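Asker: Pasting an experimental structure with its sequence.
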Amino acid sequence: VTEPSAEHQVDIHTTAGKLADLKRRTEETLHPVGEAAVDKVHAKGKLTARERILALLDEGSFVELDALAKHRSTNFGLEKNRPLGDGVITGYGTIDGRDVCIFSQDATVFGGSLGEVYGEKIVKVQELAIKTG
Amino acid sequence: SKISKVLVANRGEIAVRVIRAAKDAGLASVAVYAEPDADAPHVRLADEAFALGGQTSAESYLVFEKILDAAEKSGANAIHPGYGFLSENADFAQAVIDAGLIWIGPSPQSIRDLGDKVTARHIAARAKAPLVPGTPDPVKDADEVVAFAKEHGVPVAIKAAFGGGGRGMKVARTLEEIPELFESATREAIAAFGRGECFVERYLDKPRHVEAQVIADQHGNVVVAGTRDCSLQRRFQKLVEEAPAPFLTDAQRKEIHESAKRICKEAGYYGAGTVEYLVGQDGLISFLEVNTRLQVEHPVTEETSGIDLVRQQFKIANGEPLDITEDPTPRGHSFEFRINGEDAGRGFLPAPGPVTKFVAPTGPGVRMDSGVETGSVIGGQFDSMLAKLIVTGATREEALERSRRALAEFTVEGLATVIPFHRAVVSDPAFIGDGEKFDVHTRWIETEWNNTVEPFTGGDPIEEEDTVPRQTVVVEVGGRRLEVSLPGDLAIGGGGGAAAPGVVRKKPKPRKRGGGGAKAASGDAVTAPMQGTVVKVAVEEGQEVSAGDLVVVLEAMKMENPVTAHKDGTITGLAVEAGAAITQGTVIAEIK
Amino acid sequence: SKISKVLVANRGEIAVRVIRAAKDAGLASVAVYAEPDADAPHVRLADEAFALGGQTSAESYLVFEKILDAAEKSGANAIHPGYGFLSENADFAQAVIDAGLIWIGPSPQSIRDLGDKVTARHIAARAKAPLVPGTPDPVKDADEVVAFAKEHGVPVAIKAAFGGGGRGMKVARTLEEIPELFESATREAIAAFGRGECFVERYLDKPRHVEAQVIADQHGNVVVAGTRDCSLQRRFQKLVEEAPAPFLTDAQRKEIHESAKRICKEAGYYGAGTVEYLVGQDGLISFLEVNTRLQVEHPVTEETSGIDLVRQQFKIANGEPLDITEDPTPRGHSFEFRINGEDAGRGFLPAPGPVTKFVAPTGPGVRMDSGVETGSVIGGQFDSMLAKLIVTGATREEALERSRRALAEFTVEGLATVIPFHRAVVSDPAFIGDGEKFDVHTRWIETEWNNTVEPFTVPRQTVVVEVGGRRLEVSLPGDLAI
Amino acid sequence: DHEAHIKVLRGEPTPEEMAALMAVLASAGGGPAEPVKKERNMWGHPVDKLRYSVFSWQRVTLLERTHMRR
Ligand SMILES: CCC(=O)SCCNC(=O)CCNC(=O)[C@H](O)C(C)(C)COP(=O)(O)OP(=O)(O)OC[C@H]1O[C@@H](n2cnc3c(N)ncnc32)[C@H](O)[C@@H]1OP(=O)(O)O
Ligand SMILES: Nc1ncnc2c1ncn2[C@@H]1O[C@H](COP(=O)(O)OP(=O)(O)OP(=O)(O)O)[C@@H](O)[C@H]1O
Ligand SMILES: Nc1ncnc2c1ncn2[C@@H]1O[C@H](COP(=O)(O)OP(=O)(O)OP(=O)(O)O)[C@@H](O)[C@H]1O
Ligand SMILES: *C(=O)CCCC[C@@H]1SC[C@@H]2NC(=O)N[C@@H]21
Ligand SMILES: [Mg+2]
Ligand SMILES: [Mg+2]
């Protein structure tokens, strides 16, 4: 069988297919709750959490950690909604050539409220910063 | 029926060309792409795109069922095969016709007859074309070859009856080489093409390659759109072409034109096709082949004659009679250069890589038909061609001057190409000529050209000084614009601050594993030297082999590379099978 | 007495074209760039590049002293002005000749005579060229124009005897308009052309603008490279052009190929140039102008006739007789589209901005002459033309089909362009003639065309040095770290 | 001969422009030409002002390391 370009996904059982899968997931992390929420933020006149990090740090210096994290709660039907990153963007970078560790909370994910994986990511960057000085 | 939607069953610059022709004619276009081509220009250019799947041609473009399924799903009522792949597959043509789609090409019977060399020889003889002396029928033994050599004088060329791609011919200089050459030719033909039949003819010493472009309709009309000279060849495949054929007497020119028409009419040929001849140093013409596909060279004839050959081919497929009644008069002179992803300084050996930059020339007399753009990646599975640069002028001298300009402008980065060779040849006196003749021939590049091109190295730092960072600045000194590069540790005058408390500069080591002296330091594994496809496996597990014995044959860039045993021992743990794609460093087998 | 090194005293597309011509001919090329053009393609393409300074044309490209100093410093022995700027400035041509350089173009006398449209009309009369009725001398006052209107019949056209750009035209429809129109014409001619002389003639309603490219020798030989049509215009300036001129009768192609030769020979013209005519609905050809420089639309003539007009200019300046002995026969049809940085959805208004993406089409019958590339920034200091797309084919219909393809492929982002207008017009039936005539004219775009285009949405450091007997300026980036 | 040289990638200056350019560049160059070895002075180093737990591994990896780096 042949497929139209829209529906085709490279065979996941190949290295190229696995790279394509990683690209798809990375692209999804850009708008974890849909492009409508990003548009709402911009219309409100604010920057997204990612835009804030990219604006603060030097260009091309951001390395993100736990980008694909998801929450593991099952209470009150939370399991039906598991946005990537769980509402906080964490990583490290440079400001004026000097290394820093950074986190930025995302108000579009559960109102920006802190969950377990959220807090775990923040703890990870805090430990990294203390460790690296 | 009339073409309404064309499926281009090809890839690259030819796919782009046919898609553009369909757009010009107002027809819908459907492209089919393998997984490596998911982002090629043609996939985006075509009105529709379909994913054949598979990582190699044997499972992507050479599958009749996949191409026909794409046609069925897209609703395309015509199929155009480009060139290569299935363009000369009579079985595929008949399959398309049976499926009930307009096959944009010659009939399957014409394909068969003109693809069978001996049948082609019969057709040419019946058409009274100029032929070189040779055996009318396949030779049965080296004894017959020896008798023919005695009769007609050495050298003598032995050619496979179904050979193509330049691999199907070998030469004997003396009567003693005939037996070994015969047996090896038969053994290689049975393997490369299935059929081991071969025949023998006279070999020309320094021949030119001249071909005629023929546009023939289904109503019996045939028109010779022009002649081309393709005397510059790496091994037996063209690199640079001209239109019209330079320095040919009117007698030779009219002989070619008439022989081409006669051959096509005797073969019943229709659609765009080409007739290839050879012209020896004596001036004698010798019919060589009939290509039943659209030549890659066609743009030079398009420029000189002012005809759209792809659209003519659409019309012929539609069944309309030719709207051209006489051979067009050439205007100007056009050169064509193939931009192959090969390193001229390394014996023209193709290698894959990314096109990190691609800036084509533009302006007077320049046409560029490319299948890649900046950001494209050349894998190891398909042909090395990236684009074709056509430069047209009022005369041959004007075309050469414009070609020098255009090749100076043309820029590619990320992988090697043949631009340095084109730049050198367009100024070599042997190619310029004396105004009445020139010294180029089919073997000129590989045996007479003074190859001054150094191997491609990209931006890799090789020497100790290459490791120092640099900043490039624009400086105006008395108006003059200068582009000055400054090292990061320049101690000019009293300037200092060089290096750091413990910084040492040293010659970097190449990203290669040692050398031959440690080919396998207690290493039993046989590792693939390059990415490609295992097209042959010459051993089986438990087989004893000696150093130099062939283990596998990997096809990369449509060229075969043999991987041989590095040590004496028993083949153990054979890990690959024919048709398996292989990455560099993969363990093929362990010799123990 | 032979060109060895050519300085191109221009910018952009024409600079690139002339530099390429010099490279083809084997000549060395010297480009000159103003401050905004430090990154222009011609700067990097030329063998040598010189900075003229200045932020605008009045400071950089229009200064005789700067251009001639660049030539002297570079050692260039010839100067090619392209088009615009000083290409038609007789004073600059005379200065170039006096400096001992080869002026690639017509003589200062020819330029001066044919730039005065009154003297141009006199030469046309002497050459017996077709002429639209009009005053043979500048009109003294609005009363004379009123008398002429009464004599011949409105509408009427008023034009400054000097200058150009298309804006010099004023139109009067009734006898009451003349006073104010003439007063405005006199004021504008004084203010923007430096000379208040104005003249009057009959106004054609819906004419077709037709030209004939002429290659004129220094030895008297004259050859008409071919006709051309530029009827599609806005603000009296061209946007799309064709070659050969379509749908002219043989009797019309003749008398044009001959009026051009007669007018050029009478004026003593040598070098490349063009003779612009007008063809009214009635079918009457009328002499309009003579451009004494290489014209923008030369590519279509080059494609159809096979002549390289810039190299022909080099050969004429060298003084060699023309190698072309008879008028070439066109081998096909060619369209030329100007890629101007203008928003067609906003009344063709200039829009300065960055060229974030510029993907030129390529393939059969497509040629591109561009002065920009991805990353270029377009300001208001200069004309808004970015490139020229030439599409050639065996017939007019094939050329139109190829144009529809090439325009679909051509992509530009970051600023507005007339690409949408080109895409629309190439498919508009008025421009796809029925087979023997077509409906466009010098005002079709603004008046009939259905405009459906949606609107688009550190200082350098300098050091002064003296080496021997010269004073030099070394300019460096402000943040040179060294 | 393995040292990084200044390169004029584009342009063909004459001796006068070359001399002017080199003079200006040499003048622009500066900084520490042939500096003396930077004098060690550990007096009042920040590491000595920190509170270390009596069993802190930083007493080895930060305090001793800083005092001994040489
Ligand atoms: C230490 C213990 C604590 O801190 S108890 C947590 C405090 N409770 C709060 O919600 C703080 C005050 N909250 C609010 O009233 C609003 O959410 C505030 C923060 C003012 C933001 O208002 P506004 O920007 O209009 O948003 P909204 O409330 O209309 O909708 C926000 C979406 O996110 C949700 N959300 C919000 N807060 C939480 C939370 N703490 N836990 C879980 N979900 C939360 C809202 O329900 C709403 O979700 P949805 O988009 O309607 O599906
Ligand atoms: N008799 C001959 N003497 C010298 N060279 C020859 C002779 N026959 C063939 N050649 C060389 O072979 C080249 C092409 O050979 P041939 O036509 O048999 O194969 P091909 O072009 O690869 O085939 P195809 O296009 O059908 O796959 C010619 O250009 C010429 O270089
Ligand atoms: N008599 C006329 N009737 C109608 N339109 C005219 C007439 N004379 C000139 N035009 C218009 O003027 C423009 C061309 O005039 P012309 O070239 O003489 O002017 P210009 O300002 O010097 O222009 P340029 O120097 O750019 O060619 C075209 O728009 C043409 O339609
Ligand atoms: C396959 O990927 C493309 C076909 C490339 C080989 C064909 S063979 C015949 C033509 N001659 C040539 O050099 N390339 C074409
Ligand atoms: Mg061949
Ligand atoms: Mg004009």
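Answerer: Here it is on my side, so go on. Numbers count the residues shown, from 1 in each chain, chains lettered A, B, ... in the order given. Ligands and ions are numbered 1, 2, ... in the order given.
Asker: what number of residues lie near residue 14?
Answerer: Using chain A here. 13 (other CB atoms under 10 Å in any protein chain shown). Every residue, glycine included, has its C-beta placed from N, CA and C.
Asker: My question was about chain D, not that one.
Answerer: Counted with other CB under 10 Å, residue D:14 comes out at 13.
Asker: what separates it from residue C:52, distance-wise?
Answerer: As judged by CB to CB, to the nearest Å, residue D:14 and residue C:52 stand 19 Å apart.
Asker: what bridges to residue B:486?
Answerer: Per DSSP bridges, the residues bridged to residue B:486 are residue B:471.
Asker: give me every residue that touches it.
Answerer: By CB atoms under 8 Å, 6 or more residues apart in numbering or on different chains, the contact list for residue B:486 reads B:470-473, C:482, D:6.
Asker: Columns distance to ligand 4 on top of these, output as JSON lines?
Answerer: Output for those, formatted as JSON lines (distance: CB to the nearest ligand atom, whole Å):
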{"residue": "B:470", "distance to ligand 4": "40"}
{"residue": "B:471", "distance to ligand 4": "43"}
{"residue": "B:472", "distance to ligand 4": "39"}
{"residue": "B:473", "distance to ligand 4": "44"}
{"residue": "C:482", "distance to ligand 4": "51"}
{"residue": "D:6", "distance to ligand 4": "45"}
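Asker: top of the residues you listed by neighbour count?
Answerer: In terms of neighbour count, residue C:482 stands highest of the contacts of residue B:486 at 19 neighbours, by other CB under 10 Å.
Asker: closest to residue A:41 among the contacts of residue B:486?
Answerer: Proximity to residue A:41 was ranked across those by CB to CB; first place goes to residue B:471, at 39.4 Å.
Asker: Now do the nearest residue to residue B:36 once chain neighbours are set aside against residue A:58, distance only.
Answerer: Distances taken as CB to CB, 6 or more residues apart in numbering or on different chains place residue B:379 nearest to residue B:36, at 4.7 Å, with adjacent residues excluded. As judged by CB to CB, residue B:379 and residue A:58 stand 35 Å apart.
Asker: same question, residue B:186
Answerer: 68 Å.
Asker: what's the neighbour count on residue A:98?
Answerer: 8.
Asker: relative orientation of the helix or strand harbouring residue B:312 and helix C:396-409 in degrees?
Answerer: Assigned by DSSP states H and E, residue B:312 belongs to helix B:309-318. Calculated by axes from the mean of the first three to the mean of the last three CA atoms, to 10 degrees, helix B:309-318 forms an angle of 110 degrees with helix C:396-409.
Asker: Packing partners of the helix or strand just after helix B:309-318?
Answerer: Using DSSP H and E, the next helix or strand after helix B:309-318 towards the C-terminus is strand B:333-340. If contacts are counted by 3 or more CB pairs under 8 Å, 6 or more residues apart in numbering or on different chains; DSSP states H and E, strand B:333-340 sits against strand B:238-243, helix B:298-305, strand B:385-393, helix B:396-409.
Asker: downstream neighbour of strand B:333-340 in the secondary structure list?
Answerer: strand B:342-343.
Asker: Give me the sheet partners of the helix or strand that that following strand is followed by and which way each runs.
Answerer: Downstream of strand B:342-343, the next assigned helix or strand under DSSP H and E is strand B:349-350. Partner strands for strand B:349-350, per DSSP bridges, with pairing direction: strand B:342-343 (antiparallel).
Asker: Now do the same contact list for residue B:508.
Answerer: Contacts of residue B:508 were listed using CB under 8 Å, 6+ apart, and they are B:461-462, B:466-467.
Asker: let's go with 6 Å and repeat that
Answerer: By CB atoms under 6 Å, 6 or more residues apart in numbering or on different chains, the contact set of residue B:508 is residue B:461.
Asker: so which strand or helix has it?
Answerer: Residue B:508 belongs to no helix or strand, assigned by DSSP H and E.
Asker: doesn't residue B:151 fall inside a helix?
Answerer: Yes - under DSSP: H, G, I helix; E, B strand; the rest coil, residue B:151 falls within a helix.
Asker: No further queries at this time; thank you.
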